[PDB]
Amino acid sequence: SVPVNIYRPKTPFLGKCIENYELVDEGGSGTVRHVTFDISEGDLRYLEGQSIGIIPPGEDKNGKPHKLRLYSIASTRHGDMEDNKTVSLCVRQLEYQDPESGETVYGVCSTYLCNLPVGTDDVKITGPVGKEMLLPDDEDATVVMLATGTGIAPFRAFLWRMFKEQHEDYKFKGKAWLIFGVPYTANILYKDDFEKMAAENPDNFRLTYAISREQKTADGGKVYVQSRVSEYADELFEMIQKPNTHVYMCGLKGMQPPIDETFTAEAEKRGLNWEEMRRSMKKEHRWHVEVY
Ligand SMILES: Cc1cc2nc3c(=O)[nH]c(=O)nc-3n(C[C@H](O)[C@H](O)[C@H](O)COP(=O)(O)OP(=O)(O)OC[C@H]3O[C@@H](n4cnc5c(N)ncnc54)[C@H](O)[C@@H]3O)c2cc1C
């Protein structure tokens with residue numbers, strides 16, 4: 001029932017870019033783009049929380065095709081057009097500077113996607129992958145979603161499924177809480193969507209921001225997702241102690257250490273053992289991490 005590898009890296013589906021738009025508003029930092037593809041010519045089917053591979057064009061030193069890179073799917077199974085014909089991604093352009101030359105280097109695949117013109121054909125896409133970030137079957141589940149940057153992507157999908165679509169079988173009746181961390185208001189990816197869902201589902205959907213360059217801690221420091229987890233540690237632990245409660249974390253690897261440590265420290269403070277809680281959560285399949 002869970003699709004995987006409908007397309008293999010050997011023979012990827014060839015998609016067409018039908019949209020590509022900037023998500024960071026003026027005054028924000030960096031470039032993150034929402035990139036959508038028509039897939040209606042193939043059998044690509046997918047579930048919310050899964051990922052697809054992209055093979056950027058060209059070759060490596062040995063005349064060899066590049067490795068695929070994985071991108072979390074930002075759309076529901078039906079796609080943003082709600083016609084089952086498309087798939088979308090949330091792509092951040094990777095940049096760094098060489099420590100010896102000083103030269104700026106741009107990630108190969110993220111650059112390819114960010115500069116991908118609308119109309120472009122021949123996009124090499126590989127079949128859906130992942131089971132760790134799926135939405136629970138329990139329609140009454142409490143879903144806690146921790147996100148930094150492009151980590152918002154599967155949660156956009158979740159939320160659209162939860163509050164923006166009507167299904168013939170499913171209907172979410174639980175609580176959903178998104179804690180999303182970004183440096184500036186301009187950098188709130190999909191701000192208008194989320195805020196609209198919040199205004200329309202005021203008792204089932206809670207939207208908490210952590211805006212690092214605009215909001216201050218009591219010590220005067222920058223507010224990060226981990227700062228919110230600390231501020232609301234009591235509430236999170238109360239929630240975690242319900243069996244219907246799932247915690248999801250997505251974004252760059254660097255969000256994990258400090259989040260895992262806040263939980264740990266806030267657990268000790270309360271004579272609880274966070275390794276324990278996490279173990280059991282993992283055994284109950286209620287704790288999900290996709291960090292990259
Ligand atoms: C399951 C999963 C989901 C993902 N979802 C998303 C997503 O939704 N959005 C998204 O944007 N990305 C996502 N990624 C990341 C994505 O797969 C790529 O790794 C990313 O886009 C960078 O690839 P690139 O081809 O542009 O960079 P590359 O050309 O691959 O360059 C990256 C590499 O260069 C080196 N490098 C990187 N940073 C530095 C640095 N700071 N200093 C020196 N060397 C460095 C490292 O070897 C690094 O691996 C996801 C990854 C996984 C595995």
# chains A, B, ... in the order shown; residues from 1 in each chain; ligands from 1
>>> residues_near_ligand(ligand="ligand 1", cutoff="8 Å", atoms="only C-alpha atoms and all ligand atoms", output="NGL selection string")
:A and (32 or 51 or 53 or 56 or 68-74 or 89-99 or 106-112 or 130 or 150-154 or 251-252 or 290-292)
>>> residues_around(residues="region 211-225 of chain A", least_positions_apart="5", cutoff="6 Å", atoms="only C-alpha atoms", output="NGL selection string")
:A and (181-184)
>>> atom_distance(atom1="CA of residue 286 (chain A)", atom2="CA of residue 209 (chain A)")
23.0 Å
>>> select_by_dssp(residues="region 68-256 of chain A", states="strand (DSSP E)", output="count of residues only")
52
